[PDB]
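Asks: Kindly return the folded structure for what I paste below:
(2 chains)
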There are 2 protein chains.
Amino acid sequence: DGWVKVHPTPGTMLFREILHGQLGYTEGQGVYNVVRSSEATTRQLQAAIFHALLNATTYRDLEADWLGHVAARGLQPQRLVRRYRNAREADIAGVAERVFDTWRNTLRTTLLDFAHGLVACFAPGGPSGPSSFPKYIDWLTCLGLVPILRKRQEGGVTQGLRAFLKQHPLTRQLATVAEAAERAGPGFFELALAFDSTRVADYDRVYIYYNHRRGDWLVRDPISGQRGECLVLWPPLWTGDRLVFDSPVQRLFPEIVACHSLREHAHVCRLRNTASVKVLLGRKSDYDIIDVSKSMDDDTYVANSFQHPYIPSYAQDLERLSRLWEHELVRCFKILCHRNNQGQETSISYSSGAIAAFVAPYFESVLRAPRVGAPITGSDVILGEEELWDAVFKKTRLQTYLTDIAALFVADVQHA
Amino acid sequence: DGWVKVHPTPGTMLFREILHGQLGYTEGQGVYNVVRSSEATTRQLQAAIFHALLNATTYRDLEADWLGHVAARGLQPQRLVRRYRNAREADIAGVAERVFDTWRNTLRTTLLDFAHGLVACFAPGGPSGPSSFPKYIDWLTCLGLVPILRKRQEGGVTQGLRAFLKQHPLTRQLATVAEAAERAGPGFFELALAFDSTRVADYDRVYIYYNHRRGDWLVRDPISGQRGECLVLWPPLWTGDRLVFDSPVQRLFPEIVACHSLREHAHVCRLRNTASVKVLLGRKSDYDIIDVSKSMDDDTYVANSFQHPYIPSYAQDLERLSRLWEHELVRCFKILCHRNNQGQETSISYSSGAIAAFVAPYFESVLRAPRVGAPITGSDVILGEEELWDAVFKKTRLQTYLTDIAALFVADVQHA
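Replies: Numbering: from 1, shown residues only, chains lettered A, B, ... in the order given. Please see the structure below:
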């Protein structure tokens, strides 16, 4: 009644089998390994966790902890000045600055350790299990559709967060850390539930239906009988008894088929020229391969015969396909290629817009995550975890408070 | 009832035999030797041990040890100033700074020696024996599955740790070293147990079963009858009476087979042209190789004959295959190639993302290790043991305490 099959047709399995390399392989197709990398999503998760944890800092409690540390050390400005009994301002100012610097560095490394501990719970479950990123990317590359299945339930990520947070000694050790953790807690649990709930379907099991007259999708899972919802990013085109997607493989499909047919024909022609000598026969009027035209003759004669051993060549077509594959995959997914002074492709990573165009829709619709803050740039992908934490730490709120307290302490260390 | 053989099929053994150069060898395939190196895991172990050992340092106890050293030397500020009896601040400050510098240098040397001694117990057992890394890498390269066998037991690593730790003179000599070792001890034992328990199955023994309907794995060891736990990073595809993996060898498989067949056909054609002259015979109407076609002639005649000694060429295919192998292995495993001003491939090592994508899951799942701290950078793989220890020593907790003590001593050496 207007419905039609979409995904499980063989003309769609052919696309995936092409993607696995069942129709030849090229150097250009090897760029696709970078496109599937889960580095961008892990960097985004690390940045989001760091922002959420460091945003809950407060000046009052951190100053209280600093005053408690000063009281523990017994190095108040009154006692220090009454002990030193000298007017050398530079020396005592440097002493106070170093005393503050030690505490600042220890607090920074403690916060780094806690942040890495928090990050460690999410990262492994991203690329594998429920809500897998490379599966999302290959869904996009093959069809442009991403079927998604949802169930509201708890599991590994939530249990991991509950086990990690509820007995970590740093919360008891530092009031500021515990306050920030309890303030930013609910967001972490909501993000964990978002990670757990969704699950992108598998390419060999799911069923997808399309009804042109209204333009809605019905996607079902035949094993469990579970109804899902279909996400569309680059909508297809319906031309009667057909349906043409606009995925990169669909655009690249005819060229590689033609090249494959050319290579097969060249192989067939190659196997023909094994024998060096050939013989031709015919009726009389009244290492070797022998041709017999004796039977078909009747009142005729062999007027003339020719030989021309053609062999098609296919190297130029393979070079063209390699370059075409590379250019298509670079321009479609916004891949930024780093280069040397003259050496080519020293490293490959996502561009600044590629993550905004691909990673952000993942977090926003595929996972339905609560928030991820301001997106990172295309240069923070290259940075390591420690470099990223240092980058976010300097520009965020906490550094301003830390530089604020030091100035006042250096000031009043000698005025009083 | 739906179960299918997966690994012991011949089409899987062919992949490993291809990996061992049974279908020809190329210069590009030689990059795979770097991919199997156990350098990254040893660097990660060294970094983890250094972080664990240095993070347990306590300011109070090392200050007490320094005060004990000062008491032993009899070089307290009171005695030193009362002996020198001069107002030359620069000389006395330099003397005190050198006195502290000798102690800090010898403490650094002692800590380095102890850290190397602790590291020496783990490193040999990594690449070989239980929990071998190159076997894991070639498991990933062949199929993408990593069957793993587990059994909780005590073994050589734990006995080595027990023999090394319980009678080391450094613990009795220094209170700081003993306290840090006692505090960090349980983690070392847990890591040793993690190293002992796991064992990656051998490629020529294990059995792997896959049931598409439900999608779970049953992996068994036929010799001991021990059931294992299967891991998957790059899930395969099921296309009816098949199973298509997405390992690099699977993607590269058709091309190398075509090249091998071309080379074999070229050899066969080459062996044919060894005779310079050829003779063709036929019935009369009413160093040499001679062809007899007179038997099949019957009321016929030889109308025409041809010769064309074809010899296929295969050098271009070999060069293309070498380049394809190299590019595939570079892009799939995220290999960073160092280069000269113009010279190519001065040295080859893991990139910053390669260790996070491959070394980190090994520790997380294959070993089930407790913790490894912050991951290292791809630039730290190049560094040696002493360089890595010095790198982790400067930015860790102990340096702040050591610099704090020096400034306070330099100040109080003359104000009192």
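Asks: in chain A, which spans are strands?
Replies: Shown for chain A, the strands assigned by DSSP state E span residues A:3-5, A:145-150, A:198-200, A:207-211, A:216-221, A:226-232, A:277-280, A:288-291, A:335-338, A:347-350.
Asks: Tell me which of the ones you listed sits nearest to residue A:76.
Replies: The closest of those to residue A:76 is strand A:347-350. By Cβ to Cβ, the value is 51.1 Å. For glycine as for every other residue, the C-beta is placed from the backbone atoms N, C-alpha and C.
Asks: Return the list of helices and strands in contact with the closest one.
Replies: Contact analysis of strand A:347-350 by 3 or more Cβ pairs under 8 Å, 6 or more residues apart in numbering or on different chains; DSSP states H and E lists helix A:39-55, strand A:335-338 as its packing neighbours.
Asks: on that earlier part again, will you turn the strands of chain A into JSON lines that also has mean neighbour count?
Replies: As requested, the strands of chain A are exported to JSON lines (neighbours: other Cβ atoms under 10 Å in any protein chain shown):
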{"stretch": "strand A:3-5", "mean neighbour count": "12"}
{"stretch": "strand A:145-150", "mean neighbour count": "20"}
{"stretch": "strand A:198-200", "mean neighbour count": "21"}
{"stretch": "strand A:207-211", "mean neighbour count": "17"}
{"stretch": "strand A:216-221", "mean neighbour count": "16"}
{"stretch": "strand A:226-232", "mean neighbour count": "16"}
{"stretch": "strand A:277-280", "mean neighbour count": "18"}
{"stretch": "strand A:288-291", "mean neighbour count": "14"}
{"stretch": "strand A:335-338", "mean neighbour count": "15"}
{"stretch": "strand A:347-350", "mean neighbour count": "20"}
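Asks: Would you convert these into JSON lines that also reports distance to residue B:95?
Replies: What follows is the strands of chain A, written out as JSON lines (distance: least, Cβ to Cβ, whole Å):
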{"stretch": "strand A:3-5", "distance to residue B:95": "89"}
{"stretch": "strand A:145-150", "distance to residue B:95": "72"}
{"stretch": "strand A:198-200", "distance to residue B:95": "68"}
{"stretch": "strand A:207-211", "distance to residue B:95": "82"}
{"stretch": "strand A:216-221", "distance to residue B:95": "80"}
{"stretch": "strand A:226-232", "distance to residue B:95": "74"}
{"stretch": "strand A:277-280", "distance to residue B:95": "102"}
{"stretch": "strand A:288-291", "distance to residue B:95": "101"}
{"stretch": "strand A:335-338", "distance to residue B:95": "53"}
{"stretch": "strand A:347-350", "distance to residue B:95": "52"}
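Asks: Which of these sits closest to residue B:301?
Replies: Proximity to residue B:301, assessed across the strands of chain A by Cβ to Cβ, is greatest for strand A:277-280 (9.6 Å).
Asks: Which residues are in contact with residue A:69?
Replies: Contacts for residue A:69 (Cβ atoms under 8 Å, 6 or more residues apart in numbering or on different chains) come out as residue A:103.
Asks: Would you quantify the distance from residue A:142 to chain B?
Replies: Applying Cβ to the nearest Cβ, to the nearest Å, the value for residue A:142 to chain B is 11 Å.
Asks: what sits against that residue?
Replies: A:12, A:15-16, A:19, A:203, A:247, A:249.
Asks: can you do 6 Å?
Replies: If a contact means Cβ atoms under 6 Å, 6 or more residues apart in numbering or on different chains, then residue A:142 has A:15-16, A:247, A:249 as its contacts.
Asks: got the residues of the stretch 301-416 of chain A near chain B?
Replies: Applying Cβ under 6 Å from any Cβ of the partner chain, one finds that the stretch 301-416 of chain A approaches chain B through A:302, A:305, A:307, A:309, A:343, A:384, A:386.
Asks: can we see that at 10 Å?
Replies: Proximity of the stretch 301-416 of chain A to chain B is assessed by Cβ under 10 Å from any Cβ of the partner chain, with A:301-302, A:304-309, A:311, A:315, A:318-319, A:322, A:340-343, A:345-349, A:381-387, A:389 identified as the residues in range.
Asks: now, which of those residues lie within helices?
Replies: In helices, judged by DSSP state H, the following of those are found: A:315, A:318-319, A:322, A:385-387, A:389.
Asks: re earlier: which of the contacts of residue A:142 are close to chain B?
Replies: With Cβ under 10 Å from any Cβ as the criterion, the members of these in contact with chain B are residue A:16.
Asks: okay, now residue A:113: neighbour count?
Replies: By other Cβ atoms under 10 Å in any protein chain shown, 15 other residues sit near residue A:113.
Asks: Verify the contact between it and residue B:373 for me.
Replies: Yes. At 8.2 Å, residue A:113 and residue B:373 qualify as touching, with contact defined as Cβ atoms under 10 Å.
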